Structures are given as structure tokens and as C-alpha cells.
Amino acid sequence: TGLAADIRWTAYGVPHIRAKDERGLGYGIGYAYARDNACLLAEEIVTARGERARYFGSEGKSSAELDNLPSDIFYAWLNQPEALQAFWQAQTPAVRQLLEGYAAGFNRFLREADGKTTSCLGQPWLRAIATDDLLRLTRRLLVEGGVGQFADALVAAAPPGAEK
């Protein structure tokens, strides 16, 4: 609460968000983004939470084309509660507020969604999001130029047995 935004859309569904503060600004963004892309974000959050196998089984892949289980292992490792906590604690008040508004705005659209622009309505994985979920997505993007390109390699790393 203390969340308010003015949204204007121009041609092609481009939102112009006006607010008095970062919380309000994030509120507008999350709402507008959800209108166009609720299902995409929900799916990528599942990925970044390491929950693909839970909802979809081991036979599928993420949108990055990694197998569900290896992907889950990587993201469970990457997005451990202590890593998320330390990351959050290093955030400025303004960024915390952007994130808090975004989650609230996204979740507002979810409460109201009737399927007009949302194809995954009723799916168990389409759920309210938290700021931690946005941290999960951020850290996923952060490692794209580093350990992210070695996700399969990390999962494959095991010590030798008794071999010659």
C-alpha cells in the first residue's frame, strides 16, 4: 500500500508509466508487463527458482534449452536463500522500492486476469510473485556472461571413481 501509478498506452501497446516515487513506478511497470507477458514471466520464474522438474517433469527443457533437472540444480545452487538475502541487503532503498512495486503490480494484474490477454490462466505455475523472485531473475541474468554458460558443466562435475 502507498502504491499508485498512471499508465498511458500508445500504439502497439507501449506503456508510459507516471508515478511520484519508485514504489509507484514499479507498480505501473509490473502491471503493464503482466498484461502482455504474465505467462512468460511465470515460466522464467519457475526456471530461476529451480522448479521446472516439479511442474513439468525431467523430460522437458527451459527456454534456454537446458534439461529441466540440470537447470533446476543450477538455479537451486545459484539462488540459495543466503545468496538472495545478501543480494537484497546490498540493495539501495530506491531499488528495493522499484522491486516491491513491480511484484505488487504484477500480482494486481493476476488477481484481475480473466484470460483476455493471458493463455496460462488456471495453470498451477501461474502464481503471485515476491521480490525474491525478481532477485532470482536478476541473478540469472547477472551470470549469463560467467557461470551461467557453464550450467551443464557445473552439474556434470563429479570426482573420479576407481578407473584407469
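When you see a residue number, it is the position in the sequence shown, counting from 1.
- Of the two stretches examined, 109-117 and 96-104, the record assigns the greater average C-alpha temperature factor to 109-117.
- As recorded in the PDB entry, 123-131 is the stretch of 43-51 and 123-131 with the greater mean C-alpha temperature factor.
- When the C-alpha B-factors of 62, 138, 37, 58 are ranked from the entry, the top spot goes to 58.
- Annotation for residue 151: C-alpha temperature factor in the lowest third relative to the rest of the modelled chain, per the entry.
- Ranked by C-alpha B-factor against the other modelled residues of its chain, residue 71 falls in the lowest third.
- Ranked by C-alpha B-factor against the other modelled residues of its chain, residue 142 falls in the middle third.
- Among all modelled residues in its chain, residue 19 ranks in the middle third by Cα B-factor.
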